[PDB]
Amino acid sequence: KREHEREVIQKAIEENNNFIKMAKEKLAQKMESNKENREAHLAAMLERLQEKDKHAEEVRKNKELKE
Amino acid sequence: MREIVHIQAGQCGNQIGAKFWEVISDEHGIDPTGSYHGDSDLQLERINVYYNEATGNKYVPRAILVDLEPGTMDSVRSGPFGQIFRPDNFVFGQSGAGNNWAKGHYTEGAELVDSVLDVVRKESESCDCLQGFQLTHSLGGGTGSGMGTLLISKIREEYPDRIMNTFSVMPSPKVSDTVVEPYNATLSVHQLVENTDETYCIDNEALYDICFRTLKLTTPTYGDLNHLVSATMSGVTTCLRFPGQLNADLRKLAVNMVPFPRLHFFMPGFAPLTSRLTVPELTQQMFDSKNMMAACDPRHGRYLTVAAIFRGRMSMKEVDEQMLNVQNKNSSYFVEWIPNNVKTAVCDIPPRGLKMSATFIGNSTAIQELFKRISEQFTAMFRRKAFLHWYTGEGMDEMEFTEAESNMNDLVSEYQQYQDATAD
Amino acid sequence: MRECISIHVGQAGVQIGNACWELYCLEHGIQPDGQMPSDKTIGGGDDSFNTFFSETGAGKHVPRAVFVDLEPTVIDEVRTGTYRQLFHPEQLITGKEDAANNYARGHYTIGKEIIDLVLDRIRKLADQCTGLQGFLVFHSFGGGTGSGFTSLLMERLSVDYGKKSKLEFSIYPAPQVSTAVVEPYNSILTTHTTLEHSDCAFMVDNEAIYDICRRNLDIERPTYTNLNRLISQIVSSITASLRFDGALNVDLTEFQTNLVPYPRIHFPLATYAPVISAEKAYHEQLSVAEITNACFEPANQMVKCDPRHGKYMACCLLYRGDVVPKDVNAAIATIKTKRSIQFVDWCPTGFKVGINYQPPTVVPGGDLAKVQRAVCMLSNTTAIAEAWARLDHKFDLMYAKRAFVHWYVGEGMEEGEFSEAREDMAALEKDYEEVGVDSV
Ligand SMILES: CC(=O)O[C@H]1C(=O)[C@@]2(C)[C@H]([C@H](OC(=O)c3ccccc3)[C@]3(O)C[C@H](O)C(C)=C1C3(C)C)[C@]1(OC(C)=O)CO[C@@H]1C[C@@H]2O
Ligand SMILES: Nc1nc2c(ncn2[C@@H]2O[C@H](COP(=O)(O)OP(=O)(O)OP(=O)(O)O)[C@@H](O)[C@H]2O)c(=O)[nH]1
Ligand SMILES: Nc1nc2c(ncn2[C@@H]2O[C@H](COP(=O)(O)OP(=O)(O)O)[C@@H](O)[C@H]2O)c(=O)[nH]1
Ligand SMILES: [Ca+2]
Ligand SMILES: [Mg+2]
Ligand SMILES: [Mg+2]
C-alpha cells in the first residue's frame, strides 16, 4: 500500500509537469509559426513594392531612349 | 496618442484639404493663428490625432502640402488659415504635371517625391504612436493622380504596417472638360486597389447632381462642390477626432468595413442636404441615394458593411430604434452572410450651424456603377488609342493601360460575385 | 492564506474591474485612499477580506489585482479617477496601440510585446501571498485584447503556475453594444484557446444584462456603467464566500466541485435576484421565497438560453443578507413542486445552498435599490450550449466566404486555426448533447 501511495503522487506530479511541458512547447511553436507567417507577408508586400520601383526605372529609361 | 499624418497633393487635393483643415479647426476651437479658444474639453481630448502642439500652446496641423506647381499652394498660404500650416511642410515643384498621370507618377513627380518623403519622415518620427496616413487628391488630374499614388507606394514601403486612407475625387464630364481624365482615373484606381486600406470615393458626378438638383444651384462652383466634400470629410473623421467607442481609429474602422482587401472603396453620405428635423427623417435621408457622395444607387446592389455617425443632442434610444428599423425593412440590401454589419456611432458635438447631422459610410457592391462609368469612358478612348502619346512619351507602354483596365474590370466582377453570393 | 489575484484585461475587463473594486471597497468599509478604520491589524492579517486585499504598513488595503490593456485611455481613467490611490502604479499596465478588434493582434503582434511585463507584475503579487488559491480573469470575448491577449495570458499562466485554478468572467457579445463585426471570430478563437486552461468560466451575455436593465430598472438605453454595476453585483455574490466568513458560508470551491462534472463542461449559468429600482423597492420587501422564485425565471439569467429545454447537472443557491435556512428550504420546496427542473439521471437533484449574512450594498448614484437579501443561482445546465450555437452560426456565415479573415492572416494566423477552433466548438456542442442523454 505504501508503494501504491508513492506511485499515485508521483503520477500526479508527472501529469502536472507534462501539462506544463506540452503547453510550453505548443505556445513556442505557435509564436514561431506566427512570427514566420507575418514576416513572410510583409516581405511579399515590400518585394511587390520594390518590383514597382524597378518598373519605374524601366519607364524613365525607356523615355530617355526615345529622346 | 494615435497620430494621423495628412497629405494633400495637386490642385484638387490642396483645395479640399485646405477646407477640411478650416472646418475641423473650427470644430476643435483653433483659430488661424493656431491658438485654442474653444469652450469644451471634448475639443482637445484627441486633438493630437491631427495637430502637433508647439510651445506657446500652438496647434499645428500634421499636414503636408504637395504640388508640381505653386499656384494652388500660394492661394492656400494666402487664404484663411494659411498661416496655421507649417511653412517647411509646403513642398512644390515648378514644371507642373499637365493633367498627365505619367508625368505625376514617373517623371516630374518622381523628381519631387524624395523631398516629400523627407517631410513625411520628419512628421512621423515625432509621433507617439503613428496610426497611418490620409491623402486628399483627385484621380482625374496629374499631380494628385500619378504622384499621389506614387507617394502612397513610397510611403507604404517605409510604413508597411500602417493604415493608408485616401479621399479620392472621381472625375466627371459634368465638372471637368479635360479629355484624358478616364485614363488618369483608371491608372490611379489600378494603384488604389493594391496600395490603400480604405478609400472614400468622392464622386464629382454626385457632387454636381446634389448641388444642381437638390441645392438648386444652376452653375455649381468648385466652392459649392468642396462644401459638400468638407462637410463629408468632417463627418467621416468625427470618430477619429472625438472620444468614442466605435471606429475610433483607422485600423478598427478598416477591420469593421473591409471584408476582402480589394473591396475598400466606400460610398460616403451626409444628411441633412437642403437648399438655402427628426431622427427618423435623418436616418431615412442618410440612406437615400440622393444623399450619397458617390453616383451609385445602393438599391442596385447590396451592403457588405456600413458605418453610421450621428452628431448632436438626440435620443440614443430613438437612434437605435431607427437604425434597426432601416435594416429590418431593407434586409434584402444587406448581405446575410455578414451578421450585424451596420455599426452606429453617436458624438455629442454637431457640425457648425447644424443642430444634428448624420454621416454615412457604406461598403456597397453598387459602387461598381462608379467603376463601370469610368471603364466605359476609358475604353471608348483606348480602343481608338486616343491621346496615348502623352503617356508613351514619358516612357509608358500600352501594356500598362491594358493591365490597369483589366484590374478595374476585375474589381467590378468581384463586387458582383459577392453581390450574388448567398448564405445557403 | 487563500489569496485570490484578479486580472482585468482590455476595456471590458478593466471597466468591470473598476465597478467590482469600488463595490468591494463599499462592502468592506475601505475608503478611496485604501484606509479601513474597522481593521485593527495594521500592515497585514488573516481576515476573510485579505483574500482580495493586501495591506501596507501605512494601513492601505490594496487590491490583489492587475489591470492590463494594450492602449492607455481606459486605464488612464483609473490612474486619475476616484480610486487612483487604491492601486500601486505598477498594477496598471498599458501599451500604446490596441489590438484593433483583432484576436491575432492581441495574442501575437501586439500582445507579445507586453506579456512578459504582465507576468512579472503578476509574479510580484503572487510573491506576497502565503497561500495563493488562484486567479480570476475578467475580459470580453469580442475585443482583440480581451480575446487574444487573455488567451495568451491564460496559456502563459498554466506554464508559470501549473494547475493553479483560473476562473473567468467573460463578456459574451451583444449587437446592441458590439463594436466589431468580427466579434464572433474572436469569441470562437479565444474560447478554443482558453478551454484547456480554464477551470470554470462565468459567461455574461451583454444582451441579457442589457435586457434586465431596460426591463427591471426601466433604463431606456443602458450604458456600460449601467451594465457594469449590475455585473459587479453578480461578481460580488459569487466572490462573497471568499471575502466574508460565517457559519452558513460555503466556499466557492465547494460549489465548484458540484458545478464541473467534466473538465470541458465548466460554464455555469448565473441568475441573480432581485434587480429592482429604488422607486419600486420602497413599497415592498422581497422575501426569500420571492427572490428564489425569480432565479428560475429565464428573464433573470446572465446568458440568454432556455434551461427548460436542457437538463440540469447542478443547482447552487448563493444567498446574502437576511436569510435563514428555514425560509430557504420552504422556498425550495415550493419551487420543486411547481417548476420544470429536470436533472440528468447520473446526478443527484438536491440544491446546494450557501448563506453569507453580510447584506448587499449599492454604489451611490446607482440604479439598483439597496435590498435586505439577494441571491445568485449558479446552475450547470446543458442549455448554456445555445449561447455557443448562436456564436458558431455567425462564425459559419462569415467564414464560409472567408470574410475579414485576411485581417488575421495578415497578422500571421492561418486558416487552420479557424477550422481547428470551430471544430473544437462543434465537439463542445457535441459534449453538451452527450452529457444530457440518459444512461443505459
Ligand atoms: C444656420 C443654418 O441653419 O444654415 C445652414 C443650412 O440651413 C443648410 C441649408 C446648409 C447650407 O449649405 C448649402 O446650402 C450648401 C451646401 C453645399 C454646397 C453649397 C451650398 C449652408 O449654406 C452651409 C452651412 O453648412 C449651414 C449649416 C447652413 C448654410 C449657411 C445655409 C446645408 O449644408 C450643410 C453642410 O449642412 C445644405 O444642406 C444642409 C442643410 C442645412 O440646414
Ligand atoms: N459589459 C461590458 N461590456 C463591454 C464593456 N466595454 C466593452 N464591452 C464589450 O466588449 C466587446 C469589445 O471588447 P473590448 O473590451 O472593448 O476591446 P478590448 O479588450 O479593449 O480589445 P481592443 O480594443 O480590440 O484591443 C464588445 O462586445 C463590447 O460590447 C464594458 O465596460 N462592460
Ligand atoms: N470637388 C473638387 N474637384 C476638383 C477641385 N479641383 C479640381 N477638381 C477636379 O480634379 C480634376 C483635375 O485634377 P487636378 O487636381 O486639377 O490636377 P492636378 O493638380 O495635377 O492633381 C478634375 O476632374 C476636376 O473636376 C476642387 O476644388 N473640388
Ligand atoms: Ca489587517
Ligand atoms: Mg487643374
Ligand atoms: Mg480596447
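Per the PDB entry, chain B goes by Tubulin beta-2B chain and derives from Bos taurus. The title attached to this entry in the PDB is "Tubulin-baccatin III complex". Regarding chain B, the UniProt comment filed under Cofactor reads as follows: "Mg(2+)".

Chain A carries the name Stathmin-4 in the PDB entry, which gives Rattus norvegicus as its organism.

Colleague: What's the story with the side chain of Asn 216 of chain C in this structure? I'm lost.
Modeller: All names here are of chain C. Secondary-structure assignment places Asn 216 in helix α7 (residues 206-216). A distance of 3.0 Å separates a polar atom in the side chain of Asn 216 from a polar atom in the side chain of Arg 215. Engagement of the side chain of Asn 216 in a polar contact is seen with the backbone oxygen of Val 275, the distance being 3.3 Å. The contact partners of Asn 216, leaving out residues within four places of it in the chain, are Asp 211, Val 275, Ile 276, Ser 277 and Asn 300.

Colleague: When you look at the interface of chain C and chain A in this model, what are you seeing that I'm missing?
Modeller: The extent of an interface is frequently quoted as the accessible surface area lost upon association of the parts. With 19 residues of chain C in contact, the opposing surface of chain A contributes 13 residues. Sorting the residues of chain C by area buried against chain A places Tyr 108, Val 159 and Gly 412 of chain C first, and these three jointly supply 34% of that buried surface. One salt bridge in this structure joins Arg 38 of chain A and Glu 411 of chain C, with 2.9 Å as the shortest N-O distance. For the interface between chain C and chain A, the tally reads eight residue pairs in polar contact. Where the side of chain C that touches chain A is concerned, the elements lending two or more residues are α3 (103-109) and α5 (144-161) of chain C. Examining the composition of the side of chain C that touches chain A, we find that five residues originate from one element, α5 of chain C, more than from any other. The residue inventory of the side of chain C that touches chain A, partitioned by class, reads five nonpolar, eight polar and six charged.

Colleague: I tried to follow the pattern of salt bridges on my own but got confused; where do I start?
Modeller: One side chain can pair with another of opposite charge once the charged atoms of both are near each other. Evaluation of the coordinates by the stated rule reveals 52 salt bridges over all chains. A salt bridge links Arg 6 of chain A to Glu 3 of chain A; the nearest nitrogen and oxygen atoms lie 3.9 Å apart. Taken together, the residues span about one helical turn, with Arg 6 of chain A and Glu 3 of chain A both in helix α1 (residues 2-66) at a distance of three residues. Both residues of the pair, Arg 6 of chain A and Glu 3 of chain A, count as exposed. When the shortest N-O distance is used, the salt bridge between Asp 396 of chain C and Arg 422 of chain C registers 2.7 Å.

Colleague: Help me understand the pairing of strand β4 (residues 63-67) of chain B in this model?
Modeller: Strand residues, when the strand is regular, have side chains that alternate between the two faces of the sheet. Residues and elements named next belong to chain B. When you tally the buried positions in β4, you get five out of five residues, the bulk of the element. One ladder, built from four bridges, connects strand β1 (residues 4-9) with β4; its direction is parallel. Looking at the pairing, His 6 lines up with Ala 63 of β4. Strand direction decides the pairing type here: β4 and strand β5 (residues 90-92), joined by three bridges, are parallel. Counted as the bridge partner of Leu 65 is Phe 90 from β5. Of the crossover connections in this fold, the one passing from β4 over helix α3 (residues 71-78) to the parallel β5 is right-handed.

Here is what the cut-offs are and how they apply
- Residues numbered from 1 in each chain as written, not as in the entry; some residues may be left out.
- Chains lettered and ligands numbered in written order.
- Part of a larger assembly, values for the part shown.
- Heavy atoms only, no water.
- UniProt positions renumbered as here; feature names shortened; annotations may be inferred.
- Helix = DSSP H or I, 4+ residues; strand = E, 2+ residues; numbered from the N terminus.
- Polar contact = N/O pair within 3.5 Å; in protein donor to acceptor, adjacent residues only side chain to side chain.
- Contact = heavy atoms within 4.5 Å.
- Buried area = accessible area lost by both parts, 1.4 Å probe.
- Salt bridge = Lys/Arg side-chain N within 4 Å of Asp/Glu carboxyl O.
- Nonpolar A, V, L, I, M, F, W, Y, C, P; charged D, E, K, R; others polar.
- Buried < 20%, exposed > 50% of the residue type's maximum accessible area, 1.4 Å probe, protein only.
- Pairing = 2+ DSSP bridges.
- Right-handed = clockwise from strand over helix to strand, strands pointing away.

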